[PDB]
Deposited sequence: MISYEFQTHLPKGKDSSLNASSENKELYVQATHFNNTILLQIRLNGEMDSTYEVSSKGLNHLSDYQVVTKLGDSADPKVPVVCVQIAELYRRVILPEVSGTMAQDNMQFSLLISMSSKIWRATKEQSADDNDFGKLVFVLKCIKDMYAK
């Protein structure tokens, strides 16, 4: 099940739902280069698949996006994010991306 949205250096969003996970792309001028898994212990716990695993900006953006889902978008938890690291305003930015995710109903 696919949804996607594009807005404005341009930001592209796309998601793909499954029984076991979602899978979100956040592209910047078509670019995407990092991959984080934001799964929860049942009752959040980011893991870095490819990118800078020591950037402290990271788990913040992730856990934000993870809340935007878990408690505002639907309709034991697992998201996969792939994004342009080049995105990092900077709180102003995170707010834009998050409104872009809701503009395709996520």
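Gaps without C-alpha coordinates occur at 1, 10-24, 60-64, 97-107, 121-130, 149, with positions taken along the deposited sequence from 1.
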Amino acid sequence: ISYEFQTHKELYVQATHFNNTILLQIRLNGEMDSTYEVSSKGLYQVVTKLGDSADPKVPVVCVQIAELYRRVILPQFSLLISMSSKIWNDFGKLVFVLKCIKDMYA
From here on, numbers count along this sequence of modelled residues.
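For the two regions 66-74 and 24-32, the entry's Cα B-factors average higher over 66-74.
The question of which stretch, 79-87 or 93-101, has the higher mean Cα B factor is settled in favour of 93-101. Among all modelled residues in its chain, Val58 ranks in the middle third by Cα B-factor.
Residue-level temperature factors show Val38 in the middle third of its chain, judged at the C-alpha atom.
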